[PDB]
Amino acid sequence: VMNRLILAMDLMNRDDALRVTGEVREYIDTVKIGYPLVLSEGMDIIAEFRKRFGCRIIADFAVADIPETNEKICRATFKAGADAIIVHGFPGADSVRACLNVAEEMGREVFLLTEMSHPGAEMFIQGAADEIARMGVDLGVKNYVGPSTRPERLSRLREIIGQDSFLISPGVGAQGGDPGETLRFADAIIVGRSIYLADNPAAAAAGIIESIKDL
């Protein structure tokens, strides 16, 4: 992705979301749009972003249901123009395969969320995360998400998925993660608040990119 930086656009107002995305577009080629924006402004926001900004869109819907429902969610998500969807691994292999099937049908991609970045992830997810990743490999998943806040866990993930798989990582900035350290293991970092709540989002993005180019 351009500059190895993905914007997490979690503002919940279309006008503000368009403004910030437009201001930082020169520094990214990929925007992650989640439920905060979609449930506030509608699924049509995905196609609007893709057209206006010409950026790839990852639908961060943390998909976590039974297989039949996951199918429906993916179909709706790709019909709305998303390039990829983020799917939880914790519900198990059938739930993940359902998403992979729809992606194969519609020519898109699944990202498997393996271990989450917040403190509560330590309770249940972390203990399963290596296995979730190994399940991903066994299902042929090639794209993964793991936590900037725990680079030792992000290293272990990379170890499981191999060098060829694509790994993106949230928790940089607001949650405490560091861009450079995270990029030792991830291919790209996801950044939301450190950019979209900044007084000058373009300056914040540029500052991050400048510390990235130094790698």
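Note that residue numbering follows the sequence shown and begins at 1.
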| property | result |
| --- | --- |
| Selected stretch [higher average CA B-factor]: 122 to 130 or 89 to 97 | 122 to 130 |
| Average Cα temperature factor in the PDB entry - higher stretch of 59 to 67, 176 to 184 | 176 to 184 |
| Residue selected from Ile33, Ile189, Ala47, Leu39 by maximal Cα B factor | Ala47 |
| Entry-reported Cα temperature factor of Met43, expressed as the chain third it lands in | middle |
| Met12 CA temperature factor, ranked by third within the chain | middle |
| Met2 CA temperature factor, ranked by third within the chain | highest |
| Cα B factor band for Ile168 (lowest, middle or highest third within the chain) | lowest |
| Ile195, C-alpha B-factor rank within chain (lowest, middle or highest third) | lowest |
